[PDB]
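Proteins come first, then strands; the chains are lettered A, B, ... in the order of their sequence lines, and each starts at number 1. Computed over heavy atoms, backbone and side chain alike; hydrogens, waters and symmetry mates excluded.
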Amino acid sequence: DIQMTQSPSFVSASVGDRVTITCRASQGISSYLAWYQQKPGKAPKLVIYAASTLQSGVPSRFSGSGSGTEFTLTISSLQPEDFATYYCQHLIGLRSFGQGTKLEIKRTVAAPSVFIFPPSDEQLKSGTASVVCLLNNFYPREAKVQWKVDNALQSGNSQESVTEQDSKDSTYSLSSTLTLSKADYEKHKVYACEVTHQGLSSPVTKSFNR
Amino acid sequence: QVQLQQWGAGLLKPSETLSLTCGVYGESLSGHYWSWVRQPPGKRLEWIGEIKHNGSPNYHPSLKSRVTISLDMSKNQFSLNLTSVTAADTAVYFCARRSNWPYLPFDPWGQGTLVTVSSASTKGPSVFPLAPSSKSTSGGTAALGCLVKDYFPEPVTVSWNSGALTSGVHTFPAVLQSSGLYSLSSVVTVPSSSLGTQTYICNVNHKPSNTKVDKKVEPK
Ligand SMILES: *[C@@H]1O[C@H](CO)[C@@H](O)[C@H](O)[C@H]1NC(C)=O
């Protein structure tokens with residue numbers, strides 16, 4: 001089976017910047033390759049086919065080249081609408097796609113504002129306690145969130161959710177939710193979330209006492 | 001210009017049959033291949049198969065025994081059938097046109113159908129307040145929100161003060177909990193000074209269970 005591998009997995013670039021993303025096939029496929037653009041919640045759009053040929057209507061700042069095993073998609077100067085996930089595709093055989101390259105907007109490092117929320121009394125009636133830690137408006141996307149209950153590091157009882165880049169300021173927000181049973185929540189006192197991020201001089205901890 | 005429109009049931013239980021249909025408007029089925037492509041949550045596009053003449057389908061080998069693709073030529077429509085679905089068949093399913101060599105890419109595309117396979121029963125969300133507090137006043141800015149928990153299936157909509165409050169609002173993507181139910185939070189950052197003089201209500205709607213919740217969020 002022929003495999004398509006795209007690099008990098010993730011590109012951060014400024015508006016106006018040039019970007020080149022690559023697609024490598026595990027065996028030669030001559031020029032049987034296409035590139036698609038896909039935005040969240042939407043269908044892919046055809047950009048380039050036969051490795052280097054632009055689909056009609058596609059702007060000239062897009063170009064592609066390559067044949068055999070190494071292929072290139074290039075945008076000579078990015079505009080805001082160009083930020084998206086790009087897929088390459090083998091046009092015959094198993095018609096396999098690459099794993100995709102997400103192109104995100106670069107901007108200055110911005111530290112998160114961190115907030116912690118104890119569970120409501122209403123939720124405690126039901127038998128479950130959710131503790132929520134919010135990281136608001138930060139860049140870059142990477143952040144480490146650790147939960148501590150009575151100073152013990154928690155593992156396997158939290159889930160994170162991250163927003164797409166804000167269309168104006170290009171920042172991220174992140175929620176981490178710690179889920180405990182009512183009995184478990186009520187046998188401990190100190191609840192803390194500790195946030196590590198490139199924008200902070202040192203890890204920030206927000207906490208409360210039950 | 002040409003539009004591909006899709007319809008068909010997207011909420012399925014294990015072992016049932018996925019049955020989707022793609023309508024083509026602005027063009028005939030003639031002289032072209034018509035294809036289905038799917039995309040699991042957070043994963044890459046996967047070709048399922050395509051057909052030009054009834055009786056000559058071409059399928060992705062790992063799906064051949066479960067997949068039927070067929071043309072309804074009198075209506076210029078084509079359909080996808082996928083039997084004995086499991087949770088692993090959960091994905092957005094796209095239909096697309098594929099033209100004759102040497103012009104082989106997929107174009108145009110349907111808008112996609114979200115398909116969820118689960119044994120989970122339909123359930124309305126519980127809405128809990130994320131109350132603002134003085135140990136959440138980040139330099140004159142407070143944060144507050146609503147926790148929208150244990151619902152199925154997607155989606156829920158969330159607004160604040162009936163759509164009047166829009167600035168500083170972040171409604172996170174739903175996450176699938178280990179219970180098989182979705183959960184979500186919506187938050188907003190407001191001036192602290194406004195906490196004692198301004199009302200904040202999150203409006204939550206879950207149509208699959210006809211659930212409408214207004215929950216006022218007060219400080220503590
Ligand atoms: C698809 O499968 C369903 C159920 O298995 C069946 O009733 C139907 O005839 C098949 N074909 C179409 C076009 O729906």
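In this structure a side-chain-to-backbone donor-acceptor pair under 3.5 Å is present from A:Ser120 to A:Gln123. Side-chain atoms of B:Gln6 come within 3.5 Å of backbone N or O of B:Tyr93 as a donor-acceptor pair. A donor-acceptor pair is defined here as one N or O able to donate and one able to accept, closer than 3.5 Å; no such pair exists between the side chain of B:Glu50 and the backbone of B:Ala96.
By the 30° and 60° cut-offs, the orientation of the rings of B:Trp34 relative to B:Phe78 is tilted. Using the six-membered ring where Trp is involved, A:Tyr172 and A:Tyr139 have ring planes that are parallel, under 30° apart on the 30 and 60° scheme. Ring orientation note: the planes of B:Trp7 and B:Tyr25 are tilted relative to one another, at an angle of 30° to 60°.
Between B:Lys149 and A:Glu122 there is no salt bridge, since no side-chain nitrogen of the basic residue lies less than 4.0 Å from a carboxylate oxygen of the acidic one. Ion pairing between A:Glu104 and A:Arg141 fails under the 4.0 Å rule for side-chain N and carboxylate O.
Side-chain N/O atoms of B:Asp72 and B:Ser70 include no donor and acceptor closer than 3.5 Å. Neither side chain, B:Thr116 nor B:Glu154, offers a donor N or O lying under 3.5 Å from an acceptor on the other. For the 3.5 Å distance criterion, the side chains of B:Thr122 and B:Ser209 fail to qualify, holding no donor opposite an acceptor. A side-chain donor from one of A:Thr101 and A:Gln6 sits under 3.5 Å from a side-chain acceptor of the other.
The shortest side-chain heavy-atom distance between B:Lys123 and B:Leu181 falls under the 4.5 Å cut-off. Put simply, the side chain of A:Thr177 does not reach to within 4.5 Å of the side chain of B:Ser183, judged on heavy atoms. With a 4.5 Å cut-off on side-chain heavy atoms, A:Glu142 and A:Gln198 do not count as touching. A:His197 is not listed as a side-chain neighbour of A:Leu135, based on a closest heavy-atom distance of 4.5 Å or more. Using a 4.5 Å heavy-atom cutoff, the side chains of B:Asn54 and B:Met73 are in contact. Between B:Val204 and B:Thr211, every side-chain heavy-atom pair lies at or beyond the 4.5 Å cut-off. Between B:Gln177 and B:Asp150 there is a side-chain heavy-atom pair separated by less than 4.5 Å. Under the 4.5 Å side-chain criterion, counting only non-hydrogen atoms from C-beta, A:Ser130 is not in contact with B:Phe128.
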Show your working on salt bridge (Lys or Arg N to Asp or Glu O under 4.0 Å) between A:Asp166 and A:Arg107 and close with a plain yes or no. CA-CA 12 Å; A:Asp166 179 89; A:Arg107 55 101 88 208; over 6 Å; no

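Rounding to the nearest 0.5 Å places OG of A:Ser113 at 9.0 Å from NZ of A:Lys206. Note that CG of A:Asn136 and OG1 of A:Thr171 are 7.0 Å apart. Values are rounded to the nearest 0.5 Å. In this structure, B:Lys212 NZ and B:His206 NE2 are separated by 14.5 Å, a value rounded to the nearest 0.5 Å.
For A:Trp35 and A:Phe62, the ring centers sit 6.0 Å or farther from each other.
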List the atom pairs, with distances to 0.1 Å, where a side-chain N or O of residues 158-170 of chain B and a protein N or O form a donor-acceptor pair under 3.5 Å, not counting sequence neighbours.
unit_1, atom_1, unit_2, atom_2, d
B:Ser159, OG, B:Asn203, OD1, 2.9
B:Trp160, NE1, B:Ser186, OG, 3.0
B:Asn161, OD1, B:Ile201, N, 2.9
B:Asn161, ND2, B:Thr199, O, 3.1
B:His170, NE2, A:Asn137, OD1, 2.9
B:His170, NE2, A:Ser173, OG, 3.4

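Each of A:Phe117, A:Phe115, A:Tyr191 was compared with A:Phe208 under the ring-ring contact (aromatic ring centres under 6.0 Å, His included) criterion, and only A:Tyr191 meets it. Put simply, the residue from B:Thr17, B:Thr83, B:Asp89, B:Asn81 that forms a side chain to side chain donor-acceptor pair (under 3.5 Å) with B:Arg66 is B:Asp89.
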